[PDB]
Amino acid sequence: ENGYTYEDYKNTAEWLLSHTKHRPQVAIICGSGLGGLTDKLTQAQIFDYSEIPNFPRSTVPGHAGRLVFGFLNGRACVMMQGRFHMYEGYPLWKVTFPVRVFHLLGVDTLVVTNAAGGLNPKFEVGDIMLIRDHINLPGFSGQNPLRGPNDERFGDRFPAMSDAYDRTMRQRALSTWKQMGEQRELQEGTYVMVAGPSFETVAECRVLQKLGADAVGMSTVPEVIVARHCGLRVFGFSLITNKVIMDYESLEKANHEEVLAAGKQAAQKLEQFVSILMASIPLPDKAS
């Protein structure tokens, strides 16, 4: 919404279209540390957000602020390396701008990834949580990427998220994790977005558990929202990089610097995983 007019997206879509010979079918928003997933492409054509018209230029990070097209295990992709977040200051209509451009690029499916804390005790750091549902905390308070006048050309005023994360892909992945033979079945849980760049206190960590969330992160949710609004089929994972201290015995920490996990073959694992799933995303062509 606000700031971008429907034609802003059109222009950015057309430009891109007339700049990559590529027509993506799957948009992949690499979450922290899983940006390397880009390396798996072929016919990769890189675009710095900055070069792409209207696209939110990366803030301080920038490093890895590029939009990579090309192919992933037999899918015309378009990866977004380094997503945008609320805490960096981007109004949510900028955070999610890419999703709307993607859809206009033909993209009909969006796989969103992220690194998030483990709320569910059973989660072992290193895990990979297939997102089955989200609790949009900043949205309860108004921070919904859909706020503002709705453009019927993208979607309905009150779209429903009840079914955000595609159920099939959920199966097609619970199974793929298995068909691959990965030991600990890919987990599943409710991802709770939480903004602010700081990390949860033990007290916040427990309202999150209480509210029902299994993993705590600071993004994805706005992207899932404007994607669903457009119709994009959506499924995503969540690399549990750490265990949120639910205990006052405390004296430990899940800090980002300790991303490590998101540097481990953990990242690589979720990478190949995501690259396998490509085969399981419905090819618009079908061929029957």
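Take the two forms, find the largest set of C-alpha atoms that superpose within 1.5 Å, and that set is the rigid core. We number the residues from 1 along the sequence you see.
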Stretch farther from the shown model on average in 4 other deposited structures of this protein, with CA RMS computed after core superposition (177 to 185, 112 to 120): 177 to 185
Higher-deviation stretch (C-alpha RMS, rigid core fit) in 4 other deposited structures of this protein, choosing from 47 to 55 and 259 to 267: 259 to 267
Averaging CA B factors per stretch from the PDB record, which one is higher: 206 to 214 or 134 to 142? 206 to 214
Per the entry, higher mean C-alpha B factor between 21 to 29 and 265 to 273: 265 to 273
Would you mind finding, among 83, 147, 178, 94, the residue with the largest C-alpha temperature factor in the entry? 178
Go through 239, 230, 221, 244 one by one and give the residue whose Cα B-factor in the PDB entry is largest. 244
What third of its chain's C-alpha B-factors does residue 120 belong to: lowest, middle or highest? middle
Ranked C-alpha temperature factor of residue 251 among modelled chain residues, by third: highest
Compared with the other modelled residues in the chain, in which third is the CA B-factor of residue 192? lowest
Third of the chain, ranked by Cα B-factor, where residue 201 sits: middle
For the chain shown, is the CA B-factor of residue 88 in the lowest, middle or highest third of its modelled residues? lowest
